[PDB]
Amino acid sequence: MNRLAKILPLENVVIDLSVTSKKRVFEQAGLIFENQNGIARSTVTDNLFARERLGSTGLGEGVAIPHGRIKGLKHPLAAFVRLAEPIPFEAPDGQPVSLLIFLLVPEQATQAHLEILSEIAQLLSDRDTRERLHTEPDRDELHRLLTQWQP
């Protein structure tokens, strides 16, 4: 498997986003999912905060995994965003965040939910990879790498 393969489409790889707030990214993250899925952009952003205010999803070193539950979702959804300027994110190490991969899951929990979030974490966590994502300009290549880590 590739596991991020079937839920993170190319549409959902967003390169460089000039943006200022934690709210700002969450709003844009809302627009992304709203595009390839029916889902209201507002419900995504509200729900991400309904998790982020509960404690930062920053993983350390510019990396974050904001995620949440969605009311009507039928299968989980993911995105990836880079930022022009790293934003203050209240990360564990105090550093600003510029790389982040978003995960939404349905209310109804799957055994897979754990293993998909864990794959994401492990991916962002490794710094050999963390650098490749921080530098790559080709969008096709940032998708291939994301959805083909451990194949």
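Numbers for residues come from their place in the sequence shown, where the first is 1.
When 99-107 is weighed against 120-128, 120-128 comes out higher, by mean CA B-factor as recorded in the entry. Stretches 4-12 and 140-148 differ in mean CA B factor, with 140-148 having the higher one. Comparing the C-alpha B-factors of 61, 85, 34, 90 in the entry, the top value falls on 85.
Of the residues listed, 112, 39, 65, 48, the entry assigns the biggest Cα temperature factor to 39.
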